[PDB]
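Comments concern the structure below.
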Amino acid sequence: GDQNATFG
Amino acid sequence: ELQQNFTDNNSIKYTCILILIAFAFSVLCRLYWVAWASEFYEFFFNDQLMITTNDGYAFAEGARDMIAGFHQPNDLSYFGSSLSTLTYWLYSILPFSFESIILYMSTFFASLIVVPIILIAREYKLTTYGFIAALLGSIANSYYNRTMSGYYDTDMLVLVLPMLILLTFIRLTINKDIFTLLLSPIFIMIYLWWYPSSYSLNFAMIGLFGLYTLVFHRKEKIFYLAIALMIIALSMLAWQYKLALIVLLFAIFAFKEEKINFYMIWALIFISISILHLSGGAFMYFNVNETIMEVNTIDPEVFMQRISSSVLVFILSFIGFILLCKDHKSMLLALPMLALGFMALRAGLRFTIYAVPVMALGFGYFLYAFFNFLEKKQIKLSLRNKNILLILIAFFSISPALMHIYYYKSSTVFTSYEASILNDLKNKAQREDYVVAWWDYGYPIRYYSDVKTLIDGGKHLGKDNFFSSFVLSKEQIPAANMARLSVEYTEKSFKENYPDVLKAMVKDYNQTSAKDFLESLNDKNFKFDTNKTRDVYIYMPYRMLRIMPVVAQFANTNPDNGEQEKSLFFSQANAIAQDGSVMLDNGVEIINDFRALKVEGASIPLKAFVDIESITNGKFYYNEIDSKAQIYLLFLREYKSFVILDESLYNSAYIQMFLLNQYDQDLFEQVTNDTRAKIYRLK
Ligand SMILES: [Mg+2]
Ligand SMILES: [Mg+2]
């Protein structure tokens, strides 16, 4: 959740 | 041991033993996840656990480059960054390996907050309650999460610094001692150094501090001096003018006894705010904002949780904060940081953090508060009992955050396998070579390969994501064309300063629109008016599967008109049950011998079913069903995982070149091949 990533 | 009075003790020694315990504890806790992730091999590289947030490799990279001596031209490295700088100091000061520093830095630095917590508490003659507010505040969900032993991102002092600034404010309010004048404009500077964005937050805290000086202090001297020095610390003036101007404006005030009248101070204020002023104080693409994990929303349940790890405790803390305020006024000076946390609810998940430390002092106060009702509503309570009661109230309210930490077991940004694939990629590729991948990956790709990337977790607007989206989700050939043109034109943006790169390409290929340009990267025989400057790759790892929909959306969004081109039906899930009715997580079933799906009551014909048994080798069995349908079912036997595509995702360069291992050999070369990821290169 807390990460500068893509979803979803 | 237990019959002593701890409440009324506010001594140097005591305060520092409680700071020691609090801090040591806050570190022991960050440190279970290490006790857990070491017995797992997939989590190690260079003989040490790896980083836990994509963001981190941004700095890592940068710092590594700082350690070298230089970063390359026009590759987007964070050489000189706050965090990078500090890592590269502590690195050349310490006998520990980059990876282990990078690793535990978060753990160390973010445990410092435990300091201003109990210090401010102590200003209010409530140290021991501060100790508690800080045990809690150093563990609360949001905080832990953005500060694990793994989290090598700017977040490790994001709450330590303004929380220092605020104790500064308060100590000024109460003791009015001059050392504050040196500290707040120093802290305010460091904060501003080591996080460019704390700008607004600082502005705000200063505004407050001023309106507050006007109310509770419209007469006191030191105060306007302070507003002015803080305000000077805010603006953009070579560090030297700041340090200097501050120090002079300091000594003059300490040793000139009292002799300075309001008008000249209001001129310092006006002047300084003038410093502020002198400094500063059609083509449409899909939006990267309904896409970022870190900034997803919340059910107020988790809002509360995230902020305090327990709704009941949140309701206790809010109250404790209210009383604390309308019992002290200075605590009012925390409001901005409260508000930021709350801004979370409409702004983002990653903001709750801001409201932890404050809402912790609140909680602390409430205990004091409460233990008053007793002593003051006449309630003989001995010291053994009061202390047992405190210790239990405390362990009780903290344990939820403990639990959360136990249950909170991240993996790494990447696994060994992926890292080492990329490292291997380093020794094959040139430092100026571009790698096309998705933006989630760009940082790691870069730290591990020293290559250049098209888009990273920093450079990731719809406009920038468009290319990497396209190369990965459109058909093989045109993909292979983007790669080339997007990398070349991205390297040209660096001199000719294209405000819109795509538009650049367009105006540079005499095409009237953008669908005429893009429906034109199809024909394998493609004119090339723009030269080849470096070799281009494409990284296609298994991990990017769950995201294929989300990634495709961006190129699906026609740069000419915002509109989404196709339908996009996609989904990856696992098996749970079989009779031959197979249930899938998402509520989709597989029925009558792998021919039709029950997708919310709707039975659907499978245009086919592909059965992939060797991703590495290309070995699959294409089963043909209903020649006149649109939905493909895939099974990856090596990952026991099911996939569900539509024709165009079935034909996207990724599903084609990774899952099925088929690629036009006069366009690409399969540089790397692993069940975990592939890498191709343009010829
Ligand atoms: Mg971040
Ligand atoms: Mg580089």
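Numbers in chain B track Swiss-Prot; the residues on display, in order, are 2-282, 307-604, 608-711.
The backbone N, Cα and C atoms fix where each Cβ goes, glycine too.
Swiss-Prot names B:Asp154, B:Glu319 as Mn(2+) ligands; from the candidate set B:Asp56, B:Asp66, B:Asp76, the record adds B:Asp56 to that same site.
Swiss-Prot records N-linked glycosylation site for one of B:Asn10, B:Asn556, namely B:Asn556. Checking B:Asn146, B:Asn535 against Swiss-Prot, you find N-linked glycosylation site recorded for B:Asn535. Judged by membrane topology as recorded in Swiss-Prot, B:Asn75 sits across the membrane from B:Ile404. Checked against Swiss-Prot, the range among B:124-127, B:316-319, B:611-614, B:615-618 recorded as motif 'TIXE motif' is B:316-319. Around the Cβ of B:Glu319 (site 'Interacts with target acceptor peptide in protein substrate'), a 10 Å sphere holds 19 further Cβ atoms from the protein chains shown. If you count C-beta pairs under 8 angstroms between the transmembrane segment (B:408-432) and each of B:13-37, B:155-176, B:240-256, B:356-372, the highest count goes to B:13-37.
Ranking B:13-37, B:155-176, B:328-350, B:377-399 by CB pairs under 8 A with the transmembrane segment (B:128-146) puts B:377-399 at the top.
All protein chains included, B:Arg331 (site 'Interacts with target acceptor peptide in protein substrate') registers 27 other Cβ atoms within 10 Å of its own Cβ. Neighbour count (other Cβ atoms within 10 Å of the Cβ, all protein chains): 24 for B:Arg147 (site 'Important for catalytic activity').
Taking every recorded stretch in B:13-37, B:155-176, B:240-256, B:328-350, B:356-372 and counting its Cβ pairs under 8 Å to the transmembrane segment (B:200-217), the highest total belongs to B:356-372. Residues 179, 182-183, 186-187, 190, 223, 226, 229-230, 233-234, 269 of the same chain sit 6 or more residues outside the transmembrane segment (B:240-256) yet have a Cβ under 8 Å from a Cβ within it. Selection of the recorded sites B:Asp56, B:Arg147, B:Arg331, B:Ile572 by a Cβ distance under 6 Å from ligand 1 yields, in sequence order, B:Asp56.
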